[PDB]
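These notes are about the structure you will find just below.
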Amino acid sequence: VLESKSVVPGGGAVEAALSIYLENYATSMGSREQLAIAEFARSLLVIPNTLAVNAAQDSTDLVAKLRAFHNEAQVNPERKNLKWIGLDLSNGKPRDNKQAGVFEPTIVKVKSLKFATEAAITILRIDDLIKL
Amino acid sequence: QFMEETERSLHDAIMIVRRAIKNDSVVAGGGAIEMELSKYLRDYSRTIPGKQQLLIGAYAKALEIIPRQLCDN
């Protein structure tokens, strides 16, 4: 909070937005990378999964409940009935920022984003483990 | 061995020309609507879910496989 004034509102309500946010932009590409915008937006919802999982919850109820929250898209403690905001741990459903619903500071994503972005690619490149 | 494939065009056309007669309401052939529907449906995968965006997403995509097969075959 001290260093980051900009901070990400919402823990998992971003996941569904960030899912559909790109899943919106997914079809815009057409062809193959319309998929590059999808599994990307698919791979997000494990965060609601694992939090549902580790809370003994089920995101299939939670993370799907997530994606139903929108006018078009945003994660905001304006109206969570019509939009996304926040999250729980013990549950894992959208909640508000002053309420329960989770946060991030601004920075962490792009790192973990690009990290996971780079994580998948490079070991892919190699098909030959073999030896001299 | 080339002759069979020819008249099935004649036989198919009649059937579907008659089919165009029987139900005059006619859409685009060749699975045109599915992708739209596939969108239109998993559009509910945004709209539907407490859960079944999965089901609505999984429902939406299976449409496309018939012409995608036709695409892929």
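All residue names refer to the structure tokens as shown: chains lettered A, B, ... in order, residues numbered from 1 in each chain, ligands numbered from 1 in order.
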Proximal residues of chain A relative to chain B (only C-alpha atoms; 7 Å) as a CSV table (one decimal) with C-alpha atoms, in the first residue's frame:
```
chain,number,residue,atom,x,y,z
A,60,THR,CA,-16.9,-24.4,-11.0
A,61,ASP,CA,-19.6,-22.9,-8.8
A,62,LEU,CA,-17.3,-20.0,-7.9
A,64,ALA,CA,-18.4,-19.6,-13.2
A,65,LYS,CA,-20.4,-17.4,-10.8
A,67,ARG,CA,-17.9,-14.8,-15.2
A,68,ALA,CA,-21.5,-13.9,-14.9
```
Within 7 Å of residue 38 in chain B using only C-alpha atoms, minus same-chain residues under 6 positions, as a PyMOL selection string: chain B and resi 60-61+63
Could you write out the selected residues, including N, CA, C and O atoms, as a CSV table (one decimal), in the first residue's frame?
```
chain,number,residue,atom,x,y,z
B,60,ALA,N,-21.4,-25.1,-26.6
B,60,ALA,CA,-21.2,-24.1,-27.7
B,60,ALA,C,-20.3,-24.6,-28.8
B,60,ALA,O,-20.5,-24.5,-30.0
B,61,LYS,N,-19.2,-25.3,-28.3
B,61,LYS,CA,-18.1,-25.6,-29.3
B,61,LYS,C,-18.4,-26.8,-30.1
B,61,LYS,O,-17.9,-26.9,-31.2
B,63,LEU,N,-20.9,-27.7,-31.7
B,63,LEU,CA,-21.5,-27.3,-32.9
B,63,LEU,C,-20.5,-27.3,-34.1
B,63,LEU,O,-20.7,-28.0,-35.1
```
Backbone DSSP call of alpha helix (DSSP H) for chain B, listed as a PyMOL selection string: chain B and resi 3-22+32-47+53-62+65-72
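What separates CA of residue 9 in chain A from CA of residue 97 in chain A is a distance of 6.6 Å.
Across the model, the gap from CA of residue 87 in chain A to CA of residue 27 in chain A is 27.6 Å.
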Shell of 10 Å around residue 15 in chain A, only C-alpha atoms, local chain residues under 6 positions omitted, as a PyMOL selection string: chain A and resi 21+41-48+63+66-67+75+84+86-87
Neighbouring residues of residue 30 in chain B were defined as those with any atom within 12 Å, considering only C-alpha atoms; residues of the same chain fewer than 4 positions away were excluded. Please report them as a PDB file with N, CA and C atoms, in the first residue's frame.
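What landed in around38.pdb:
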```pdb
ATOM      1  N   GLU B  34     -23.451 -22.061 -36.645  1.00  0.00           N
ATOM      2  CA  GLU B  34     -22.912 -22.711 -35.451  1.00  0.00           C
ATOM      3  C   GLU B  34     -21.914 -21.818 -34.727  1.00  0.00           C
ATOM      4  N   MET B  35     -20.897 -21.346 -35.445  1.00  0.00           N
ATOM      5  CA  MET B  35     -19.920 -20.415 -34.893  1.00  0.00           C
ATOM      6  C   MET B  35     -20.587 -19.231 -34.216  1.00  0.00           C
ATOM      7  N   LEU B  63     -20.872 -27.708 -31.680  1.00  0.00           N
ATOM      8  CA  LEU B  63     -21.506 -27.327 -32.938  1.00  0.00           C
ATOM      9  C   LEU B  63     -20.497 -27.331 -34.073  1.00  0.00           C
ATOM     10  N   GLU B  64     -19.394 -26.618 -33.871  1.00  0.00           N
ATOM     11  CA  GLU B  64     -18.435 -26.286 -34.910  1.00  0.00           C
ATOM     12  C   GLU B  64     -17.753 -27.507 -35.512  1.00  0.00           C
ATOM     13  N   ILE B  65     -17.786 -28.651 -34.831  1.00  0.00           N
ATOM     14  CA  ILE B  65     -16.922 -29.765 -35.214  1.00  0.00           C
ATOM     15  C   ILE B  65     -17.393 -30.405 -36.514  1.00  0.00           C
ATOM     16  N   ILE B  66     -18.697 -30.386 -36.776  1.00  0.00           N
ATOM     17  CA  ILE B  66     -19.229 -30.953 -38.013  1.00  0.00           C
ATOM     18  C   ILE B  66     -18.616 -30.264 -39.231  1.00  0.00           C
ATOM     19  N   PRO B  67     -18.778 -28.947 -39.431  1.00  0.00           N
ATOM     20  CA  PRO B  67     -18.099 -28.315 -40.570  1.00  0.00           C
ATOM     21  C   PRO B  67     -16.602 -28.245 -40.396  1.00  0.00           C
ATOM     22  N   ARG B  68     -16.114 -28.039 -39.172  1.00  0.00           N
ATOM     23  CA  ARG B  68     -14.686 -28.164 -38.928  1.00  0.00           C
ATOM     24  C   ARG B  68     -14.160 -29.494 -39.431  1.00  0.00           C
ATOM     25  N   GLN B  69     -14.886 -30.581 -39.173  1.00  0.00           N
ATOM     26  CA  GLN B  69     -14.569 -31.822 -39.857  1.00  0.00           C
ATOM     27  C   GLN B  69     -14.619 -31.639 -41.362  1.00  0.00           C
ATOM     28  N   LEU B  70     -15.739 -31.131 -41.878  1.00  0.00           N
ATOM     29  CA  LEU B  70     -15.819 -30.834 -43.301  1.00  0.00           C
ATOM     30  C   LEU B  70     -14.671 -29.931 -43.726  1.00  0.00           C
ATOM     31  N   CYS B  71     -14.337 -28.948 -42.890  1.00  0.00           N
ATOM     32  CA  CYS B  71     -13.118 -28.178 -43.099  1.00  0.00           C
ATOM     33  C   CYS B  71     -11.899 -29.085 -43.067  1.00  0.00           C
TER      34      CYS B  71
END
```
